[PDB]
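Q: Got a structure for you, questions after.
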There are 2 protein chains.
Amino acid sequence: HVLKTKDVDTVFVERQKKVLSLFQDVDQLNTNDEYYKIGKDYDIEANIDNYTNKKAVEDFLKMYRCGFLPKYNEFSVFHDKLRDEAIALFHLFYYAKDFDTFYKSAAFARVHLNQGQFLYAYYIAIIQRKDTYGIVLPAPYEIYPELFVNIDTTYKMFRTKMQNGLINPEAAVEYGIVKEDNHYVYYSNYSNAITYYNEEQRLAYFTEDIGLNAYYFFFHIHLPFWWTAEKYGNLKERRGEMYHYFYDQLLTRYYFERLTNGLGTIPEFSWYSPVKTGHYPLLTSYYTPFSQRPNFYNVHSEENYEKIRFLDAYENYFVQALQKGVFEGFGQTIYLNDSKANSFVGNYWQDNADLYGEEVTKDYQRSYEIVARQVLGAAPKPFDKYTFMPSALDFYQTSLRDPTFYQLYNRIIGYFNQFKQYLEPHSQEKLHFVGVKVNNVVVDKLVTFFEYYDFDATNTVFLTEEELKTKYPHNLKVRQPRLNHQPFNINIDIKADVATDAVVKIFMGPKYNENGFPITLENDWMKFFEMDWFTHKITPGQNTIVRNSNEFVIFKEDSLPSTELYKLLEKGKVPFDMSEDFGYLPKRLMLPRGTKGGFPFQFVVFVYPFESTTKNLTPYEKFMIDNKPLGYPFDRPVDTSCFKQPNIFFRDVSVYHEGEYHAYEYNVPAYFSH
Amino acid sequence: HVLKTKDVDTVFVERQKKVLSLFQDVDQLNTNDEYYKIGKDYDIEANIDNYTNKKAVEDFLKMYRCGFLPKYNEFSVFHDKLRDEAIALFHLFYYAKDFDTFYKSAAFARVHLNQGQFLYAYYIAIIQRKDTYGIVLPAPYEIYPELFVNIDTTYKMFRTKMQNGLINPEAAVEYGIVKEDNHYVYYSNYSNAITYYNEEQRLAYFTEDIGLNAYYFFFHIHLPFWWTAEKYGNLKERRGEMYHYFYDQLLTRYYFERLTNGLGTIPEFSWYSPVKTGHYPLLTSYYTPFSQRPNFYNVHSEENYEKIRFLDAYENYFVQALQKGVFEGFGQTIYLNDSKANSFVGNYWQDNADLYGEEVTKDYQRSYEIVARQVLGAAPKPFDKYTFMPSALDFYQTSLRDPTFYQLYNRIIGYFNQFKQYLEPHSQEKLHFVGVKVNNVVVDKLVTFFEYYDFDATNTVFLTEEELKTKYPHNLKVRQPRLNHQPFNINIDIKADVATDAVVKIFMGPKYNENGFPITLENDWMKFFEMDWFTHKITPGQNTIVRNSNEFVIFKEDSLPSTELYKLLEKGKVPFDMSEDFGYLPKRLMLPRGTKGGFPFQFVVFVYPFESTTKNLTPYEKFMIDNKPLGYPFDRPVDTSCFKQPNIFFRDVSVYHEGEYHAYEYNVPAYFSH
Ligand SMILES: *[C@@H]1O[C@H](CO)[C@@H](O[C@@H]2O[C@H](CO)[C@@H](O[C@@H]3O[C@H](CO[C@H]4O[C@H](CO[C@H]5O[C@H](CO)[C@@H](O)[C@H](O)[C@@H]5O[C@H]5O[C@H](CO)[C@@H](O)[C@H](O)[C@@H]5O)[C@@H](O)[C@H](O[C@H]5O[C@H](CO)[C@@H](O)[C@H](O)[C@@H]5O[C@H]5O[C@H](CO)[C@@H](O)[C@H](O)[C@@H]5O)[C@@H]4O)[C@@H](O)[C@H](O[C@H]4O[C@H](CO)[C@@H](O)[C@H](O)[C@@H]4O[C@H]4O[C@H](CO)[C@@H](O)[C@H](O)[C@@H]4O[C@H]4O[C@H](CO)[C@@H](O)[C@H](O[C@H]5O[C@H](CO)[C@@H](O)[C@H](O)[C@H]5O)[C@@H]4O)[C@@H]3O)[C@H](O)[C@H]2NC(C)=O)[C@H](O)[C@H]1NC(C)=O
Ligand SMILES: *[C@@H]1O[C@H](CO)[C@@H](O[C@@H]2O[C@H](CO)[C@@H](O[C@@H]3O[C@H](CO[C@H]4O[C@H](CO[C@H]5O[C@H](CO)[C@@H](O)[C@H](O)[C@@H]5O[C@H]5O[C@H](CO)[C@@H](O)[C@H](O)[C@@H]5O)[C@@H](O)[C@H](O[C@H]5O[C@H](CO)[C@@H](O)[C@H](O)[C@@H]5O[C@H]5O[C@H](CO)[C@@H](O)[C@H](O)[C@@H]5O)[C@@H]4O)[C@@H](O)[C@H](O[C@H]4O[C@H](CO)[C@@H](O)[C@H](O)[C@@H]4O[C@H]4O[C@H](CO)[C@@H](O)[C@H](O)[C@@H]4O[C@H]4O[C@H](CO)[C@@H](O)[C@H](O[C@H]5O[C@H](CO)[C@@H](O)[C@H](O)[C@H]5O)[C@@H]4O)[C@@H]3O)[C@H](O)[C@H]2NC(C)=O)[C@H](O)[C@H]1NC(C)=O
Ligand SMILES: *[C@@H]1O[C@H](CO)[C@@H](O[C@@H]2O[C@H](CO)[C@@H](O)[C@H](O)[C@H]2NC(C)=O)[C@H](O)[C@H]1NC(C)=O
Ligand SMILES: *[C@@H]1O[C@H](CO)[C@@H](O[C@@H]2O[C@H](CO)[C@@H](O)[C@H](O)[C@H]2NC(C)=O)[C@H](O)[C@H]1NC(C)=O
């Protein structure tokens, strides 16, 4: 298995080395590095002429003169002042006229501002600036190891650094600390191996997967809720569509994990009754432990009365709109069938900038998602504007760790899917592909298994004044068994009458509901996970297509450590997926953990006429090369018909699991010591 | 102000240095230290002849061959397996025939067992073994810094050790990190300065005071609930009495702190309703954050049903016994007026070894306190016998930090005080001192203030292989402004007729109830804090006594750091209080924080005939040199009478507070950088 690579010129390579120079030992400053002197003395005001938007820069300065979040404090975009500062910072980076000005702005920021706040604006700037297009971003778990690994392993790294190596390596082995080459390897268990407070803990290997959590973080920075979608042209008009698609797919993939673990549908809750499934974040900030929500949390308390009425009202508005058939307010009147309706409900539920036709959201435009994450997070009200006790719901890089996160968005998509039933359902005629039939589909054996994976967690530790004079060590490694599956082929047999350009799509859906009974398309259309999307020319007669799972366009390869990036740059190359598909879901997680006996699911291949690509979303996600609504043909319900279309085929499939079933078994000392 | 000292011989000095050699860098093992070689190869089986009790040793070996709690895990005496192991370990220490066998056993333990478990059994053995009587114990906050200081300062020490010093001292100052001499000083705030989740936070300077918390730890190791009081001869028959006294005194003192902060009486709760006052420990173990209990915690959940029914039953039993006038069970039938009844209720509520007439409690003799701490701590059930998420209620060294601790014991003493109204109240004649009269009592100005206090927190950090080759650094200093007061005199005027040996006691009580109205002796007799106890020969005629607060026998001086202990040993001396009164409440806390305008209270002096001391508790606490019930004459209600005895005087008093009201103000960088 070789990793696909991409060629880049020298200018790119130089910029790449520059951006990465600001991603090292992030919680510490290195006066021996070039960026320090540059950032320390940089004069924004003096160079105001090197920014394309002066007002934006003057606002950053007016704001910066009043002080920003101090260093070491936790930064979160869900907190007003913190967000407003980050956005102003983003504008400073985004409006830089050229890479040079941008780099100096970033250098200035790294030196003078809070580490988290800078990293947040920096990551986004790199994604939005045209001149940095394609520049590879380091894996989020590499930059924020303290948000991707439980404290028990973070403290082990702290111990090692304080002792300056292992004092008794034979002993350290028993606690998962091993020395390989010049690296210190730490086997890190998911939380279910240390605390089992509720049945949801059985999903810890998935909900805590560093790839899965990185994926949500990337979803955010690719296009923040607080920013207009303007930059991506067409994406603006189709924003609500992308909102629905991202979440429905995420909720579905998560539901599949619940299914093979016998956990049923995503639980429903009430703002007026105790929230049943708690969560204990085994994470910590520099000032406090993350807030915990115990099982059966009494959410309806004095501290939340008003917030709960706001959330309830936000919901009533949407339910009442659906009932009277029209959305009123926000400067318009949209009937459910309006062509702008879909984006309106998505922008409404997210409370993003495009809902207001502005470029950035304001403080007073209260967000349903923000307040919900607030009361579900269970943290006491913030001490002040710069100080708060964080919860897993306060970060895009830790959200998928909390069960209520899926419960909250499932509630939101619940409303979205209700909206979908008022739309014109796909008719049988429109779904029918004349002259094209799928005679058969064969799927190789589906098998999952856990496989060790390492990532550089050196940012966890602080360096010595002497160490800062030499090259960064990239010394520590975190090792964890991560979900994976064996590659598999899907054989598609198509009998055609005439020759045409077709689009073939591949989905995975459940076979049975939570009670073990047959699925029903009328009620389960929203439970189909899109796995592949590609064009193919069909010739009259027999057509045989063979797609390997490794070719599925929806997924990406695992990120590489920043160190391996450097070696690849020496050859004028960068990892292909890491460069253009950083926001895709890791292909190793495309299949939910199976069972020893094999768990039932079903694949479905749908092929339709390839036509208009006038409003595609290629600038955002490469695989969105069509005019069809995202998720087609399962983007909305379909005109019920107990009679299948010839151009669609369902195949029963079973997902088995090899090796040890529990991930923690691979972290048992007696095992990894062989 | 000089500290009282005591002379010790050469044998004592040698034993003192030995015990202290095992209290260094406790979370780490030093192969260069003599104890490592001794301990690593000590063969208990081979020296089984060097133990006064062969059975206990064999039980230990039998248990040890099966495995003990692993190193680094949290140890708590409230968990069965952990306790039984700790107790077996204590027996191995206690039965050593001589100091030398004891020391070797200790070294063995230090090398082979869990650090927390070792320290616990070690601390107790030094207190219990006769040959170690007088040996000075190091401050608990110096041994368990991670239990006496919040993570924000712990993390600063970690960052310092990792950087191997300060990289930018000028910047460090802004985070309360300063360098003094060869020490790194860390200004540490109480939690109310970082998070204010409920009004009880206003009491953080008191509830988190290291001395107050150390005081509870000393109370416990002086005589564990799981051990018989046999060793202390007389105390055994008066154990229940001591229980009542200790908690009543502690609860009353805590009540005073509440009063000067406008927080009213200690809150009452129900096991069937949400617990109002939550608590967020800013502490952490090596594997998990301490459990948090949000405000209005839903305690009556499925996980606690059975435990709550047990707690209910436990209370029911007592209330029914009071109603029918008799305590049945436990191998006897006691009427409320029995002479052993007082000791029974105390032993019953604590579920101690003496309640059952055994030397140590068994796992199946379920405890009210343990189960109550369990449900109030709000932690999920333990992962397994060796792994649990700790709460402030799992340690005698952090218990007083949780508001529910006071609520729990206030509930208990609530029942104990109800039981006391069934007893014969003190008659006016037995309280009268014929011939003795207190004409007047004048109290000097009562003033409180905050004053910096340092302690060695180096145990927080891990030492380097090289650092272990040289002497321990005792490098880190934690600095916190701690409550204190100016010394004050109490002038007593006594007019006598005849000459007799008298006992004079000094109490402090409230002037008004929570609503600002006059106190009533009938309902507030249990609200008097004992401050002094001493004998005095009264001469006929005018008698003038002057007692300085520094002389009150109830309190002790602050502990000295281990390093100062060594210097003092060279002189063949040891702190007096630290050696003989380690269990007393630190005198700097005898007064609650006052208010700028002076908060109302009252002092009361009571003098009575000095006589019998046949059943005194001097072997336990020095100041208990009489036969009268602990807390006399406020140990039980008194035959209501409207004309006070001439040998008792009540004097109004005001407690003022000077300097900054809030402790955190003294940790503001602009302030301590002067
Ligand atoms: C415990 O607990 C407690 C309780 O909680 C705590 O306490 C706290 O603390 C804190 C901390 O410390 C605090 O805070 C702080 O404060 C401070 C002070 O303040 C003050 O002052 C200021 C200043 O002033 C000045 O200036 C101005 C302008 O701006 C003017 O106007 C004036 O006049 C003056 O002037 C003067 O001076 C100057 C100097 O400065 C000079 O120039 C001359 O001399 C002149 O003459 C000010 O500003 C203020 O003000 C304020 O306030 C007031 C009142 O009082 C008002 O009226 C006003 O308006 C203002 O504002 C306010 O208000 C508003 C509205 O209402 C609100 O919002 C609020 O309130 C505000 O505040 C005063 O007066 C200060 O300074 C600080 O600051 C800082 O931080 C912040 C945040 O927090 C920011 O924003 C800013 O910016 C800053 O930053 C900085 O720092 C930090 C640290 O901290 C860091 O992190 C950052 O990064 C930065 O850094 C920088 O700086 C520093 C210094 O500072 C240094 O060091 C550094 O350096 C380093 O690094 C670098 C890199 O980057 C390198 O290069 C080097 O090398 C190294 O070294 C840098 O440079 C703060 O704010 C508080 O307050 C407290 N609280 C209380 C209650 O008290 C404690 O802490 C604890 N403790 C423990 C241990 O834990
Ligand atoms: C993630 O997550 C996951 C999930 O959770 C986890 O996992 C986990 O893990 C853990 C840990 O690792 C584990 O545990 C462990 O295990 C192991 C194994 O086991 C097994 O084995 C054993 C042994 O065997 C042997 O022996 C015996 C006698 O005793 C016999 O009998 C047999 O036969 C064998 O034989 C052999 O022996 C030897 C070897 O060894 C030789 O001689 C020869 O070879 C011979 O042949 C056993 O015992 C066991 O048993 C058990 O099991 C079974 C079944 O399987 C059964 O049958 C039995 O009975 C038992 O069971 C049970 O019982 C009950 C139930 O009913 C209960 O009780 C329980 O369950 C039990 O178990 C098996 O088989 C082991 O080994 C370990 O141990 C340890 O630990 C403990 C606690 O934990 C204790 O107690 C003990 O004692 C021990 O300790 C140790 O270690 C530690 C650490 O770990 C520490 O801390 C301490 O201190 C100690 O130490 C020592 O040792 C070590 C080693 O071992 C070393 O290293 C050291 O050294 C050092 O130090 C010193 C000082 O001290 C110095 O001097 C030096 O230099 C240095 O080096 C020392 O020496 C444990 O137990 C588990 O299992 C798991 N789980 C699962 C589910 O899987 C993971 O971990 C995670 N990860 C992360 C990363 O986090
Ligand atoms: C008052 O609020 C209205 C409604 O939001 C604003 O009207 C909008 O103005 C923008 C230009 O900034 C137009 O693009 C929109 O089409 C307008 N919408 C509607 C419904 O009128 C108006 O600008 C605000 N008035 C002032 C003085 O700020
Ligand atoms: C049956 O119960 C009695 C009392 O409940 C047990 O006797 C006690 O035994 C312990 C020894 O562990 C002694 O320390 C106590 O003094 C005894 N008390 C009484 C009242 O007898 C007896 O051990 C139990 N039966 C068995 C077989 O253990």
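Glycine also receives a Cβ, built like all others from the backbone with ideal geometry; neighbour counts cover every protein chain displayed. Each answer follows from the model by the rule given with it, or from the source it names; none is laboratory data.
Q: Taking the residues in region B:373-404 that are outside any loop (DSSP other than H, G, I, E, B) and either within 16 Å of ligand 2 (Cβ to nearest atom) or hydrophobic (A, V, I, L, M, F, W, C) (or both) as candidates, determine which candidate is nearest to the other protein chains (Cβ to nearest Cβ). Outline the logic, then answer.
A: We begin by selecting, within region B:373-404, every residue outside any loop (DSSP other than H, G, I, E, B); these are B:373-377, B:384, B:387, B:392-394, B:399-401, B:403-404.
Retained after the next criterion (residues that are either within 16 Å of ligand 2 (Cβ to nearest atom) or hydrophobic (A, V, I, L, M, F, W, C) (or both)): B:375-376, B:384, B:387, B:392-393, B:400.
Numbers: B:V375: 12, B:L376: 12, B:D384: 9, B:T387: 7, B:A392: 13, B:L393: 15, B:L400: 20 Å.
Checked region B:373-404; the qualifying residue nearest to the other protein chains (Cβ to nearest Cβ) is B:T387.
Q: Another question, if that's okay. Among the residues of region B:151-167, how many are more than 8 Å from chain A (Cβ to nearest Cβ) and not in a helix (DSSP H, G or I)?
A: Residues of region B:151-167 more than 8 Å from chain A (Cβ to nearest Cβ): B:153-154, B:156-157, B:160, B:166.
Within this subset, residues satisfying the condition of being not in a helix (DSSP H, G or I) are B:166.
Counting residues in region B:151-167 that are more than 8 Å from chain A (Cβ to nearest Cβ) and not in a helix (DSSP H, G or I) gives 1.
Q: Looking at the structure I just gave you, is B:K567 outside any strand (DSSP E or B), surrounded by fewer than 14 Cβ atoms within 10 Å (Cβ to Cβ) and not aromatic (F, W, Y)?
A: Yes, satisfied.
Q: Also, quick follow-up: Could you check how many residues of region A:261-280 are crowded, with 22+ Cβ neighbours inside 10 Å and more than 8 Å from chain B (Cβ to nearest Cβ)?
A: Qualifying residue count for the region: 2.
Q: Let me ask something else about it. B:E465: without any contact (Cβ under 8 Å) to a residue 60 or more places away in the chain and not in a loop (DSSP other than H, G, I, E, B), yes or no?
A: no
Q: Further question on the same structure: Pull up region A:2-40, narrow it to residues that are among the aliphatic types (A, V, I, L, M) and not in a helix (DSSP H, G or I), then point me to the one that is farthest from the other protein chains (Cβ to nearest Cβ). Working first, answer last.
A: Restricting attention to region A:2-40, the residues satisfying the condition of being among the aliphatic types (A, V, I, L, M) are A:2-3, A:8, A:11, A:13, A:19-20, A:22, A:26, A:29, A:38.
Those left that are additionally not in a helix (DSSP H, G or I): A:2-3, A:8, A:22, A:26, A:29.
Values: A:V2: 39, A:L3: 34, A:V8: 36, A:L22: 18, A:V26: 14, A:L29: 8 Å.
Going through the qualifying residues, I end up with A:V2.
Q: Now a separate question. Of all residues in region B:612-631, which are under 16 Å from B:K236 (Cβ atoms) and acidic (D, E)?
A: B:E621
This table checks each residue for (1) in contact (Cβ under 8 Å) with a residue 12 or more places away in the chain; (2) out of contact with any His (no Cβ under 9 Å at 6 or more places or on another chain); (3) within 16 Å of ligand 2 (Cβ to nearest atom); (4) of a type in the set (D, E, K, R).
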residue	(1), (2), (3), (4)
A:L119	yes, yes, no, no
A:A125	yes, yes, no, no
A:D131	yes, yes, no, yes
A:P138	yes, yes, no, no
A:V149	yes, yes, yes, no
A:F158	yes, yes, yes, no
A:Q163	no, yes, yes, no
A:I167	no, yes, yes, no
A:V173	yes, yes, yes, no
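Q: A:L212 fails exactly one of the following numbered conditions: (1) of a type in the set (A, V, I, L, M); (2) in a helix (DSSP H, G or I); (3) within 14 Å of chain B (Cβ to nearest Cβ). What is the number of that condition?
A: Unmet condition: (3).
Q: Looking at (1) more than 14 Å from chain B (Cβ to nearest Cβ); (2) buried (at least 21 other Cβ atoms within 10 Å of the Cβ); (3) closer than 21 Å to A:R479 by Cα, which is the one condition that is false for A:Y243?
A: A:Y243 satisfies every listed condition except (3).
Q: Another question about this same structure. (1) over 26 Å from A:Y94 (Cβ atoms); (2) more than 14 Å from chain B (Cβ to nearest Cβ): which one isn't true of A:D354, the others all being true?
A: Going through (1) over 26 Å from A:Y94 (Cβ atoms); (2) more than 14 Å from chain B (Cβ to nearest Cβ) one by one, A:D354 breaks only (1).
Q: Among the residues of region A:177-193 satisfying the criterion of being farther than 13 Å from A:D454 by Cβ and not in a helix (DSSP H, G or I), which is farthest from ligand 4 (Cβ to nearest atom)?
A: A:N182
Q: Can you tell me which residue is nearest to A:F405 (Cα to Cα) among those in region A:292-307 that are within 14 Å of chain B (Cβ to nearest Cβ) and assigned to a helix (DSSP H, G or I)?
A: If we take residues in region A:292-307 being within 14 Å of chain B (Cβ to nearest Cβ) and assigned to a helix (DSSP H, G or I), then A:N304 is nearest to A:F405 (Cα to Cα).
Q: It is to be established whether one or more residues within region B:59-73 are away from ligand 2 (no atom under 16 Å from the Cβ) and under 19 Å from B:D43 (Cα atoms). Walk me through how you get there before you give the answer.
A: Kept after step one, since they are away from ligand 2 (no atom under 16 Å from the Cβ), are these residues of region B:59-73: B:59.
Those still in the list that are under 19 Å from B:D43 (Cα atoms) too: B:59.
Scanning region B:59-73 turns up at least one residue that is away from ligand 2 (no atom under 16 Å from the Cβ) and under 19 Å from B:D43 (Cα atoms).
Q: Also, I was wondering about something else. Which residue is nearest to ligand 3 (Cβ to nearest atom), if the candidates are limited to region A:58-82 and must be without any contact (Cβ under 8 Å) to a residue 12 or more places away in the chain and closer than 28 Å to B:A172 by Cβ? Full working, then the answer.
A: Applying the first criterion (without any contact (Cβ under 8 Å) to a residue 12 or more places away in the chain) to region A:58-82 yields A:58, A:62, A:65-67.
Subset that is closer than 28 Å to B:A172 by Cβ: A:65-67.
Numbers: A:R65: 27, A:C66: 25, A:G67: 30 Å.
Step by step, filter region A:58-82, then rank; the result is A:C66.
Q: So, one more: Sort through B:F344, B:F330, B:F318 and tell me the only one that's among the hydrophobic types (A, V, I, L, M, F, W, C), away from ligand 3 (no atom under 16 Å from the Cβ), surrounded by fewer than 17 Cβ atoms within 10 Å (Cβ to Cβ) and away from every other protein chain (no Cβ under 14 Å).
A: Within the list B:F344, B:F330, B:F318, the selection yields B:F330.
Q: I would also like to ask the following. Any residue in region A:617-629 that is not assigned by CATH to the domain that holds A:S343 and hydroxyl-bearing (S, T, Y) sitting within a Cβ distance under 8 Å of a residue that is assigned to a loop (DSSP other than H, G, I, E, B) and surrounded by fewer than 19 Cβ atoms within 10 Å (Cβ to Cβ)? List the pairs, counting only those 6 or more apart or interchain.
A: A:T618/A:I625
Q: Scan A:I334, A:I370 and give me the residue that is outside the structural domain of A:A88 (by CATH), under 20 Å from A:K307 (Cβ atoms) and not in a loop (DSSP other than H, G, I, E, B).
A: Values: A:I334 fails: under 20 Å from A:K307 (Cβ atoms).
Step by step, each of A:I334, A:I370 is checked, and only A:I370 is outside the structural domain of A:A88 (by CATH), under 20 Å from A:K307 (Cβ atoms) and not in a loop (DSSP other than H, G, I, E, B).
Q: Something else: Return only the number of the condition from (1) more than 14 Å from chain B (Cβ to nearest Cβ); (2) within 16 Å of ligand 2 (Cβ to nearest atom); (3) farther than 27 Å from B:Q163 by Cα that A:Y232 does not satisfy.
A: So the condition that A:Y232 fails would be (2).
Q: Just to be sure, is B:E429 free of Cβ contacts under 8 Å to residues at least 24 places away in the same chain and either within 19 Å of the chain's Cα centre (by Cα) or more than 30 Å from B:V638 (Cβ to Cβ) (or both)?
A: Working: free of Cβ contacts under 8 Å to residues at least 24 places away in the same chain: yes; either within 19 Å of the chain's Cα centre (by Cα) or more than 30 Å from B:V638 (Cβ to Cβ) (or both): no.
Against the criterion (free of Cβ contacts under 8 Å to residues at least 24 places away in the same chain and either within 19 Å of the chain's Cα centre (by Cα) or more than 30 Å from B:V638 (Cβ to Cβ) (or both)), B:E429 does not qualify.
Q: Scan region B:293-352 residue by residue and report those that are acidic (D, E), touching a residue at least 40 places away in the same chain (Cβ under 8 Å) and either away from ligand 4 (no atom under 16 Å from the Cβ) or within 30 Å of A:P274 (Cα to Cα) (or both).
A: Taking region B:293-352 first, the residues acidic (D, E) are B:302-303, B:306, B:312, B:315, B:328, B:338, B:351.
Keeping just the survivors that are touching a residue at least 40 places away in the same chain (Cβ under 8 Å) gives B:303, B:312, B:315, B:351.
Of everything in region B:293-352, those that are acidic (D, E), touching a residue at least 40 places away in the same chain (Cβ under 8 Å) and either away from ligand 4 (no atom under 16 Å from the Cβ) or within 30 Å of A:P274 (Cα to Cα) (or both) turn out to be B:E303, B:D312, B:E315.
Q: Do we have B:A56 as outside any loop (DSSP other than H, G, I, E, B), of a type in the set (A, V, I, L, M) and within 16 Å of ligand 2 (Cβ to nearest atom) here?
A: no
Q: Let me ask something additional. Of all residues being closer than 30 Å to B:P294 by Cβ and away from every other protein chain (no Cβ under 13 Å) in region B:178-189, which is nearest to ligand 2 (Cβ to nearest atom)? Just the residue, please.
A: Once the filter is applied, the top-ranked residue is B:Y186.
Q: If you go through region A:149-166 one residue at a time, do you hit one that is on the phi < 0 side of the Ramachandran plot, more than 16 Å from ligand 1 (Cβ to nearest atom) and surrounded by fewer than 20 Cβ atoms within 10 Å (Cβ to Cβ)?
A: To start, the set of residues in region A:149-166 that are on the phi < 0 side of the Ramachandran plot comprises A:149-163, A:166.
From the residues that got through so far, the ones that are more than 16 Å from ligand 1 (Cβ to nearest atom) too are A:149-163, A:166.
Filter once more, so that each one left must be surrounded by fewer than 20 Cβ atoms within 10 Å (Cβ to Cβ): A:155, A:166.
Within region A:149-166, one or more residues are on the phi < 0 side of the Ramachandran plot, more than 16 Å from ligand 1 (Cβ to nearest atom) and surrounded by fewer than 20 Cβ atoms within 10 Å (Cβ to Cβ).
Q: Within region A:29-37, is there a residue that is within 29 Å of A:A379 (Cβ to Cβ) and surrounded by 15 or more Cβ atoms within 10 Å (Cβ to Cβ)?
A: no
Q: Of the residues in region A:361-384, how many are surrounded by 17 or more Cβ atoms within 10 Å (Cβ to Cβ), within 22 Å of A:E237 (Cα to Cα) and not hydroxyl-bearing (S, T, Y)?
A: 1
Q: Next question, about the same structure. Restricting to region B:631-673, name every residue that is in a strand (DSSP E or B) and surrounded by 13 or more Cβ atoms within 10 Å (Cβ to Cβ).
A: B:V638, B:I648, B:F649, B:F650, B:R651, B:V653, B:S654, B:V655, B:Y656, B:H657
Q: Something else now. Identify all residues within region A:79-113 that are in a loop (DSSP other than H, G, I, E, B) and under 13 Å from A:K385 (Cβ atoms); write none if there are none.
A: Within region A:79-113, just A:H79 meets the criteria.
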